[PDB]
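To begin, one chain is listed below as structure tokens, in the form deposited in one PDB entry.
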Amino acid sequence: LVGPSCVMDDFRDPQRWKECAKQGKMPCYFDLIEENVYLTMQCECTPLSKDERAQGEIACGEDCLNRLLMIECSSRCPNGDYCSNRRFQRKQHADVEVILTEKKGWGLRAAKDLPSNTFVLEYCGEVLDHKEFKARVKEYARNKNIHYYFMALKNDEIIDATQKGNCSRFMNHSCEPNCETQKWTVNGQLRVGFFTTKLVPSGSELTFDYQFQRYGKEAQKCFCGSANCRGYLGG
């Protein structure tokens, strides 16, 4: 029987959320953040005219030199306000809902049809060095945590959404996924977001290939239900 669901603005009210959580209508409480917290040149697109914008033309589309290198434009973009290549900065997230799944805990699902290569959410959290990361793997193992929230960012940068993050921390694993991670440069700094890899029909769960290093721990069985399921989680 289909579990409860909630919208992303429900996580904005901490008092109502802690109450919903007590009744199992929302996931367990966490610190909601909109940007990563660290524990320790313009493109050549020709500006669109007032007529071109009114006509529906795309500013900094697929041929944008910044977009092509997975770099977001700044406020100085030649297209200014029109620039469609500032999705992370403008929080131009896909319309998704947080749902209770049968056996994987909470998950994410499309609340509208999502075209292929659509920006879903940024994966936010506490950014750790390799030392802090290993310390937290051991602490989470000791505390018998069930769910994993680490995401590789770059050398000596691992995002941990265990304690602080956003609703991207709820994306589940699938052996036949419909999303992927992409690393994007924003103001000379690397960020990671989820993107659909195919058309995602409304009401479908959003999934990705959760590539995590299993550090000699007992294998977690995978409940993705895919015909080609690998049976276990982790890379």
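Just so we're on the same page, rigid core means the largest C-alpha set that superposes within 1.5 Å between forms. Numbers follow the displayed sequence, beginning with 1. Shifts are known only where both forms have a C-alpha.
There is another form of this protein, the form deposited in another entry, and it is not shown here; the text below is about that form.
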C-alpha displacement of 2 Å or more between the shown form and the other one on the rigid core, among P14, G216, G24, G225: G216
Relative to what's shown here, the Cα pair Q213 and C222 differs by 3 Å or more in the other form. Does it come closer or drift farther? closer
Under comparison with the form shown, the C-alpha atoms of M171 and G216 in the other form shift by 3 angstroms or more, placing them closer
Core fitted, what stretches of 3+ consecutive residues have C-alphas moving by 2 Å or more between the shown form and the other one? 1-8, 213-218
